[PDB]
Each structure stands twice: as structure tokens, then as C-alpha cells.
Amino acid sequence: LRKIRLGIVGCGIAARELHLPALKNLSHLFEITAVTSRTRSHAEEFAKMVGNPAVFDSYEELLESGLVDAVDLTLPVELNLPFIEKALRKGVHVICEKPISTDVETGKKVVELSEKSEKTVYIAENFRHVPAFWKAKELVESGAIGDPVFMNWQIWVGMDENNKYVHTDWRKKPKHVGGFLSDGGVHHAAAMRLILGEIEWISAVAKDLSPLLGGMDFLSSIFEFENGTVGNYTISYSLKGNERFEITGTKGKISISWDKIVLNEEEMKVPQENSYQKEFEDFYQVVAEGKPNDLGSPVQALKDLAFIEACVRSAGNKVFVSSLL
Amino acid sequence: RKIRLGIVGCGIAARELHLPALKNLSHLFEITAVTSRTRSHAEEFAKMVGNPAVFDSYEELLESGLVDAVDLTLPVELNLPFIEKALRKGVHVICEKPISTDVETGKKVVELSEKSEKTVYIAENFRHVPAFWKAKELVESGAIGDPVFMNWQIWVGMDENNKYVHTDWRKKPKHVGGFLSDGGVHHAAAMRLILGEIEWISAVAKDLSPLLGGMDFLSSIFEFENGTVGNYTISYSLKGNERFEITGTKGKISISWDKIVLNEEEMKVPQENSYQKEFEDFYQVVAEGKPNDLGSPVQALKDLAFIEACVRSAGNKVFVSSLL
Ligand SMILES: NC(=O)c1ccc[n+]([C@@H]2O[C@H](COP(=O)([O-])OP(=O)(O)OC[C@H]3O[C@@H](n4cnc5c(N)ncnc54)[C@H](OP(=O)(O)O)[C@@H]3O)[C@@H](O)[C@H]2O)c1
Ligand SMILES: NC(=O)c1ccc[n+]([C@@H]2O[C@H](COP(=O)([O-])OP(=O)(O)OC[C@H]3O[C@@H](n4cnc5c(N)ncnc54)[C@H](OP(=O)(O)O)[C@@H]3O)[C@@H](O)[C@H]2O)c1
Ligand code: NA
Ligand code: NA
């Protein structure tokens, strides 16, 4: 099995804590041969965790070095577009973190570069690879609750001053639509779309409740899927509480968690998996083994972002999600 | 002295909800007159009361000189005309919710109320439920900090065995949104009592059950004038568990008939009959000069208006005041 020579770009939290451990479990598929960051010492610390990749002062040099088949971008979202374009111009595949971009108009440019290039652009939306969501999808699609009627997802993150993501520069002064609403919201849209399909319209109210979190941090919404199912999605990044994620149909109900699905009275444990690992496997198959790009698809990520961007601008008015696309 | 009260409409609410309450308030109410669409139902109800006078028609009961006030437990389409007839004879009216079939018609009830010296009390019993009062005081006293988000999810799960489902004026509803306004006005009342007036709603209404006349599912988002966001979702046909939660900057309450949970801590709510409480209030209004804060038609119109807005919405933003 030939390996994908991979360059890591942006050696921050995701790269160290989320990407590397997954990558370390996939060394039969990937070799990290190059590394670059804004702060050189950060790239050097990352190099040591990896082994001995070449360290570059700039991404453009990494791209031209001949050392890589693809690059992994774990950057401030403002950088996705120009950096994806640089990679494709050099004939290099890209796996890039969500959100696809800072907003939908910029996102669309990522999509068109993707569609015009022969190289793969893969937006790493790990919620598309979470088994609990797949299992919910299967239950729903096979008629286990009858016709889906209503879903509610309430999320209370309770981030405080000790949360590491809160202190990063590009989150404190967000350039992305809705601040934390897009940052974490694309995950939630990904999941709802996986389980129930495309959303037709939303109506939502977004608030900025914490001076600690850059931009908006509270969102409450109703929407309707194209299939007629009604959704409620409410989240506070700053306040505490218990997640509920429930789908009620004509014949019964499911509740969804990381570790289990409950179908009426019946518990089913979901065997645990690393979704980052799962997405890297999928990217490998897209790049090397000619698998279609369904789950890392730029178009999919753009649709995730569109849901959130619609909510941010709704101010309680009905927004048809298509009109953003 | 005691309020001479005539019962009009001897159906479910009259036998099962109203009479027991009055039987505990025999020192404040005497039932003297009774009338219904079916004379035999009125005669059965009379036998349950003692020996009141049975009348073939509302109009006759009103001219009989036997009552100071009437209690209307009727198809909602009849509220406006029956209230008007009573006020035009010098007779107080206690009338069941909803105030009317729709806001346009409701306003006519409000208008007649303000012009008469007699009381019109819309018996919205949810304004008399102690669980909501204790929740109000906790929120008002700053127990959870600034209120951020309330969520009320109701799954009534009505079936063929529920008696309300077989009543004619519910099967072919004339009232806005069918069951949505029938049960919804209660919920608006509780929401308004706890968090105050609502600025705007956005809502979707479905008709999911062939058994329930009219629309029977509703999901909505809205914002109180104080800034709190609300979600209110109800199905009248499907089963699930009620949650009623209000989250603030400092804490969390969860509300139930018998208890309020403040963060980790439970406080039992002492139980009461809300019908019994509302009749006492009506007694205090007509005999004791108590201002009509809790049974006032204006409050009942605002309840209906919340629900009417939600039915018109189709997902669009509706500013409630625009209906009033
Ligand atoms: N899927 C998920 O569960 C998830 C979770 C968290 C984050 N993410 C995504 O991962 C990406 C990074 O997030 P993060 O939390 O890791 O934030 P972060 O810690 O701030 O990481 C960003 C990294 O990029 C570096 N960088 C900034 N500008 C650069 C430039 N011009 N050229 C090269 N490197 C540059 C930063 O600078 P320094 O060199 O100075 O350190 C830092 O190393 C984001 O797109 C985010 O949405 C995804
Ligand atoms: N606050 C609450 O918790 C609550 C609960 C239930 C009901 N309610 C309200 O109370 C009212 C009564 O509802 P319900 O459940 O008791 O329904 P119901 O059983 O159908 O009661 C209506 C009664 O009025 C009679 N009636 C119909 N037209 C009449 C007319 N023209 N003249 C005299 N009587 C007439 C009916 O027919 P017959 O004489 O042939 O029997 C029946 O006895 C409704 O407005 C409802 O919204 C409130
Ligand atoms: Na904020
Ligand atoms: Na129905």
C-alpha cells in the first residue's frame, strides 16, 4: 500500500490534539514529511512529536519542495480559500478543516476551485463520520419511528475562561460568520443533514451573551426539512445544561448520544470510534483508491455553513436556505 | 350574601371540572338555574346539583330573575353572543376559555366588557396554578439571574378514549387552529405570567391526526419583550415526556404540577384546585371590589393572540401586537 506524503500546515490545537493521534494510527496510509506554522518554534515542537519531518518557514516553500502529495490545513478559517488555491495551483491534494470558509460567498469560491481541479479538496467535517449519527440515520431511514415528525437538539457547551479554544486570536476576533455559531454549528448541521436530509427554511434568533466569546454565542432556531420534518436547534456556547438530541416520529422516538441510541424503551450502545481517524481513512480512499468524495465534499460543507449563515441573518425572519447557495 | 349562579352548557367541563369546585364553594355560590342544548343533559346535571330550575333556553334563564351571574361552558363560537345577551340583562358572566374563536371576535368581547359595569371573567385556570406562581416569583426574584431561554414541550397523546375528542365543535372546529387554540391559550397564559409579554413569534403548524379536528401540532420560536427567547412545541396526538425549563445566566429551573427544581434542588409545590381558585377570584371581583387582573378579557385576548400569530406564521415573523 503506497503512502500519501502529507504536509501539516498550522501546528495548533487541532493538529496536535486531534489530527496527529489519528494520523499516528494510520501510518500505513500516511507519512508526514513536512511541517510549517506561523511561529517556527511551534512547528519545531510539532516536528518532534512526529519524528523528523522537514520544517519550513513558509507554506509556499513547503508546496514547492516536492516532499508532499497532499497537505492538511488546520488554520484560522480566513486562510482556507487562499491556501486551498495555492495547493491546487501546485498540483497538491488538500484536506482542510471545517468550516469550509468564513461565509457562503467565500465558500462558493472553494467549491468552484474544487470542481475545476483534478486534485481532491476534502473538507474534514468529522461529524459525517460519527457512528451514532449513522446509526440514527439507519433507524430513521428504515421506518423504526415511522414518519419523522419533530427533532430537537439542545446543546449547552458551558465554555469558560479555562477553555483553550476561547483564547485563540482568530476566535476572539472572529472573521467567520456568527463566531462560535459557525465554528461549532457546521458540525451540528452536518449531523442533522446526515440523519434527515436537506433543510428548506429556517427562522432563528442569534445573541451575543458572553463577552468572553468573540462574536455571537447563542442561537435558537426552527426549520423544516424538505421531507416535512420540523426541527428545533438551540445552542449556548457559554451556558451550562444537559444536551438532548431527540427525534419523534408517528410510531415512536429516538434519543441520540455519543455512546448510545435509545429507541423508545430500548438501549443500543454505539461502539466508539475516532471520527478524525475515520475521515483520514476516507480521504485516503478518495485520493488513492478512487472512492467518490461524498463525505469530504466541499458542496456538503458549503451546505452546512449555509444553514448557520441563514440562522445568523434570520433575526427571526424566514430564510430559504437555497437562496444562499 | 351569596352569588346566584346559572349554569349554561352542561357538558364535560361543567360536570367534571366546574361542579366539584362549586360544591366546595357552597358558602359563596348557590346554583339556582341550569340550561343546555339537550334538556335531558340539563336535567341530569340538575340532579347532580340538588334542585335548580331547569330552563329550555338561555334567554329565559336570563329573564327569570333567579341569577346574579352565569357560567358559560359552551362551544367557543357561542361566547361572544352569550356574553352580550347577559350584559344586556344586568348579569355578570364567568366564561370558559378561549375568549373567542379568533382575535377579531375576541376584541368584541373585550369591547363589551369595558363598556358594562358588570364583570366578564374569562376563566383561564392556568393563571391560578401555584406551580406557575412559584416559578414567577423565583424568576422575578433573580434566582436564575437574567432569563435567557425557556422551553416548553408538550406531548398530550390524545386518543379515541379521550372524551374531548368526540365533542362536535372540536371535531369541526370554528376556532383558530383547532386544538392549538383550545389548549394553547392555557400555555400562553403560563408563559405570560412567568416571563411577561411576547414581541414576536415564528411558528409552524401541522395537522397530523385524522382524529383531531383541525391542526394539532405546533412548533414555535419567539422572544419576550424582556429579551428572553422561547420555544414552545406541542403535539396533541403523539406521546412523549413534558419538559418545561427556564435557563438563566446564573441557573436553571424545571417546572411541574407538583414541584419546581432549582438547579439541583427540589421544592414541593403545595397543591390547589385552580378552578376553585378562579371562582373565589370571581367571587372577590363581583362582591368584594377586587380588580379583575386574573380573569380579565384583555389577558385572555393576549393568550389567543399568541396562538393565532403562531397559526398565521407559516414560519414568517409575526409581531403579536399587530393582531391587537
Ligand atoms: N473538527 C474539529 O473537531 C475541530 C476542532 C477544533 C478546530 N478545528 C479546526 O481546525 C482549524 C484550526 O483550529 P485550532 O483550534 O487548531 O486553532 P489554533 O490553535 O489557533 O490553530 C491554528 C494554527 O495555525 C497557525 N497559523 C496561523 N496563521 C498562519 C499562517 N498564516 N500560516 C501558517 N500557519 C498559521 C497558528 O499559529 P502559530 O504557529 O502561531 O501557533 C496555529 O498553529 C480551524 O479551521 C478549526 O475550525 C476543527
Ligand atoms: N379550563 C379548562 O381546563 C377547560 C377544559 C375543558 C373545557 N373547557 C372549556 O369549557 C367549554 C366547554 O367545553 P366541554 O369540554 O365541556 O365541551 P362540551 O362537553 O361539548 O360542552 C358544551 C356543552 O354546551 C352544550 N351546548 C351546545 N350548544 C348550546 C347552546 N346553543 N345552548 C346551550 N347549551 C349548548 C353542549 O351540548 P348538549 O347540551 O347537547 O350536551 C354541551 O353540554 C369550552 O369553551 C372549553 O374550551 C376548558
Ligand atoms: Na460573545
Ligand atoms: Na388534525
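Thresholds applied
- Residues numbered from 1 in each chain as written, not as in the entry; some residues may be left out.
- Chains lettered and ligands numbered in written order.
- Heavy atoms only, no water.
- Residues with missing side-chain atoms left out of burial classes, pairs and counts.
- UniProt positions renumbered as here; feature names shortened; annotations may be inferred.
- Helix = DSSP H or I, 4+ residues; strand = E, 2+ residues; numbered from the N terminus.
- Expected span 1.5 Å × (residues − 1).
- Bend = angle between axes of the 7 residues up to and from the residue.
- Buried < 20%, exposed > 50% of the residue type's maximum accessible area, 1.4 Å probe, protein only.
- Pairing = 2+ DSSP bridges.
- Near = heavy atom within 4 Å.
- Polar contact = N/O pair within 3.5 Å; in protein donor to acceptor, adjacent residues only side chain to side chain.
- Areas by Shrake-Rupley, 256 points an atom, 1.4 Å probe, with all protein chains shown as cover.
- Domains from an automatic or database assignment.
- Donors = N, O, S within 2.8 Å, 3.2 Å for Na, K, Ca; no water.
- Nonpolar A, V, L, I, M, F, W, Y, C, P; charged D, E, K, R; others polar.
- Contact = heavy atoms within 4.5 Å.
- Buried area = accessible area lost by both parts, 1.4 Å probe.
- Salt bridge = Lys/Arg side-chain N within 4 Å of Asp/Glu carboxyl O.

Draft legend 1. View of the UniProt feature "domain: GFO/IDH/MocA-like oxidoreductase" (unreviewed entry) in chain A. Feature annotation in UniProt places "domain: GFO/IDH/MocA-like oxidoreductase" (unreviewed entry) on residues 133-254 of chain A, given in this structure's numbering. Segment residues 133-254 of chain A splits into 25% helix and 34% strand. End C-alpha atoms: 12 Å apart.

Draft legend 2. Here's a closer look at helix α8 (residues 179-195) of chain B. All names here are of chain B. In this model α8 runs 24 Å from its N-terminal to its C-terminal C-alpha over 17 residues, within 8% of the 24 Å that 1.5 Å per residue would give. When the local axis directions of α8 are compared, the greatest deviation, roughly 35 degrees, occurs at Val185. Buried residues dominate α8, accounting for 17 of its 17 residues. Phi for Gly196, located one or two positions after α8, is positive at around 90 degrees.

Draft legend 3. The pairing of strand β9 (residues 217-224) of chain B, seen in detail. All names here are of chain B. Extensive coverage of β9 is indicated by the burial of 8 of its 8 residues. One ladder, built from 8 bridges, connects strand β8 (residues 198-206) with β9; its direction is antiparallel. Note on β9: the bridge partner recorded for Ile201 is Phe222. As defined by bridge partners, β9 adjoins strand β10 (residues 229-235) across 7 bridges and the pair is classed as antiparallel. Looking at the pairing, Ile221 lines up with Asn231 of β10.

Draft legend 4. Quick peek at the site of ligand 1. Residue and element names in this part refer to chain A. Around ligand 1, the structure places 25 residues, and the nearest of them are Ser37, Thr39, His42, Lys98 and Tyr276. The contact in question runs from an oxygen atom of ligand 1 to an N or O atom on the side chain of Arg38, over 3.0 Å. For ligand 1, an oxygen atom lies 2.8 Å from a polar atom in the backbone of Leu75. In the complex, 88% of the free accessible area of ligand 1, which totals 910 Å², lies under the protein chains. If you list the elements that add at least two residues to the shell around ligand 1, you get α1 (13-24), α7 (169-172) and α8 (180-196). With 3 residues, α1 is the single largest residue contributor to the shell around ligand 1. Residue-level mapping places the shell around ligand 1 at the junction of two domains, with at least three residues from each of domain 1 (1-124 + 273-291) and domain 2 (125-272 + 292-325).

Draft legend 5. View of the coordination of the sodium ion (ligand 4). Residues and elements named next belong to chain B. On the protein side, the sodium ion (ligand 4) has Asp207 (OD), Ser209 (O), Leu212 (O), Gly214 (O) and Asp216 (OD) as donor atoms, found 2.1 to 2.7 Å from it. Expressed as a motif, the donor residue spacing for the sodium ion (ligand 4) is D-x1-S-x2-L-x1-G-x1-D. Since its relative accessible area comes to 28%, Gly214 is described here as partly exposed.

Draft legend 6. Seen up close, the coordination of the sodium ion (ligand 3). Residue and element names in this part refer to chain A. Those protein atoms acting as donors to the sodium ion (ligand 3) are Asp208 (OD), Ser210 (O), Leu213 (O), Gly215 (O) and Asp217 (OD), and they sit at 2.1 to 2.6 Å. All donors of the sodium ion (ligand 3) belong to a single chain; written as a sequence motif, their spacing is D-x1-S-x2-L-x1-G-x1-D. Judged by relative accessible area, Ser210 falls into the buried class, the value being 9%.

Draft legend 7. Quick peek at the site of ligand 2. All names here are of chain B. Around ligand 2 there are 25 residues in total, and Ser36, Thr38, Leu74, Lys97 and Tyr275 lie nearest to it. A distance of 2.6 Å separates an oxygen atom of ligand 2 from a polar atom in the side chain of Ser36. One of the side-chain N or O atoms of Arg37 is found 2.9 Å from an oxygen atom in ligand 2. Alone, ligand 2 offers 910 Å² of accessible surface; in the complex the protein occludes 88% of this. Contributions of two or more residues to the shell around ligand 2 are made by α1 (12-23), α7 (168-171) and α8. In terms of residue count, α1 provides more of the shell around ligand 2 than any other element does, 3 residues in total. In terms of residue class, the shell around ligand 2 is made up of 11 nonpolar, 9 polar and 5 charged. No fewer than three residues from each of domain 1 (1-123 + 272-290) and domain 2 (124-271 + 291-324) sit in the shell around ligand 2.

Draft legend 8. Focus on the domain arrangement of chain A. Residues and elements named next belong to chain A. Parsing chain A into structural domains produces domain 1 (1-124 + 273-291) and domain 2 (125-272 + 292-325). The straight-line distance from the C-alpha centre of domain 1 to that of domain 2 is 25 Å. The interface of domain 1 with domain 2 comprises 34 residues on the first partner and 32 residues on the second. Taken together, both faces of the contact between domain 1 and domain 2 bury some 2,800 Å²; the carbon and sulfur share is 61%. Of all residues in domain 1, the largest losses of buried area upon contact with domain 2 belong to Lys98, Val104 and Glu273, amounting jointly to 21% of the total for that side. Counting the contacts that link domain 1 with domain 2 gives 4 salt bridges.

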